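Take a look at the structure below.
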Amino acid sequence: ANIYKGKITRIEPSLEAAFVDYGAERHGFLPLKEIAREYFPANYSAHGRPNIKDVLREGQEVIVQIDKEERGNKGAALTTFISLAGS
Amino acid sequence: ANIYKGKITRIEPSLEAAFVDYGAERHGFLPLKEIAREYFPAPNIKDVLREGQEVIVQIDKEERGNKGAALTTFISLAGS
Ligand SMILES: [Pb+2]
Ligand SMILES: [Pb+2]
C-alpha cells in the first residue's frame, strides 16, 4: 500500500520544495515538480515556475505516494503523481 | 489513516455503483454520485468504471451490519 495524506509542515522556497508529514516519524520531501496542477490555486504562465509559497500552505493536505523510500538519515522522496491502473 | 487505492471488482448497474477492493475483506461500495469527473470517460456506471481499474477512495461510512464501507473519491483534504 503506497498512498498517504500528507500535511505540509515546512515550505522551503529556495529549494522549491516542502516537508510533508505523511504519518511516518520522519517527514518526507515534496519538490515543486512533483506537485500536480490540481493543487495550484491559480493557472501560472507557460514559462517559468511559481514560488512554492504561492502553491502550497502550511497545514494543507495533499495526496502523496513514496517515490524513494526513506534511507539512512534521509526522508522519503514524495510525489503527488499517483500511479493508478487504467488512468 | 483514511485513504486507499482501490481496485474495481464488480459493477452493478441496478445499484448504479461499483464494488471496490481497497484492502479489506468486505469490498467497499462506491456509488456513481461519489465518483469524481477525473474518472469519467472522454451516463451510467457501466460507461464510467471498469473491472481492474484503480481509484483513490476514502471511507465515508465504516463497515456496519453486513455492509462494506461506503466509499467516495471526493477526498477530504485540509486547507483545500
Ligand atoms: Pb517525477
Ligand atoms: Pb511562449
Checklist entry - Residues of region B:21-58 being under 15 Å from A:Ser87 (Cβ atoms), in a strand (DSSP E or B) and more than 9 Å from every other protein chain (Cβ to nearest Cβ), which ones? => result B:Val57
Next on the checklist: For the structure I just gave you, tell me whether B:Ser80 is within 14 Å of chain A (Cβ to nearest Cβ), farther than 15 Å from A:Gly86 by Cβ and out of contact with any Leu (no Cβ under 6 Å at 6 or more places or on another chain).
Outcome noted: yes
Next on the checklist: A:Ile66 - would you say it is surrounded by 13 or more Cβ atoms within 10 Å (Cβ to Cβ), farther than 16 Å from A:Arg10 by Cα and within 16 Å of ligand 1 (Cβ to nearest atom)?
Outcome noted: yes
Checklist entry - Is it the case that A:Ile63 is farther than 17 Å from B:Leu77 by Cα and either within 14 Å of another protein chain (Cβ to nearest Cβ) or in a helix (DSSP H, G or I) (or both)? => result no
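Yes/no matrix, rows are residues, columns are (1) in contact with a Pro (Cβ under 9 Å, 6 or more places away or on another chain); (2) over 29 Å from B:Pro41 (Cα atoms); (3) within 15 Å of ligand 1 (Cβ to nearest atom); (4) of a type in the set (D, E, K, R):
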site: A:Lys33; (1), (2), (3), (4): no, no, yes, yes
site: A:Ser45; (1), (2), (3), (4): no, no, no, no
site: A:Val62; (1), (2), (3), (4): no, no, yes, no
site: A:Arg71; (1), (2), (3), (4): no, yes, no, yes
site: A:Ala77; (1), (2), (3), (4): yes, yes, yes, no
Checklist entry - What are the residues in region B:57-76 that are out of contact with any helix residue (DSSP H, G or I) (no Cβ under 9 Å at 6 or more places or on another chain) and not basic (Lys, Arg), if any? => result B:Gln58, B:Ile59, B:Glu62, B:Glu63, B:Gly65, B:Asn66, B:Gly68, B:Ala69, B:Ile75, B:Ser76
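Because the Cβ atoms are built from the backbone with ideal geometry, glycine has one as well, and the counts that use them run over all protein chains shown. Values quoted throughout were computed directly from the atomic coordinates according to the rules given, and no laboratory measurement underlies them.
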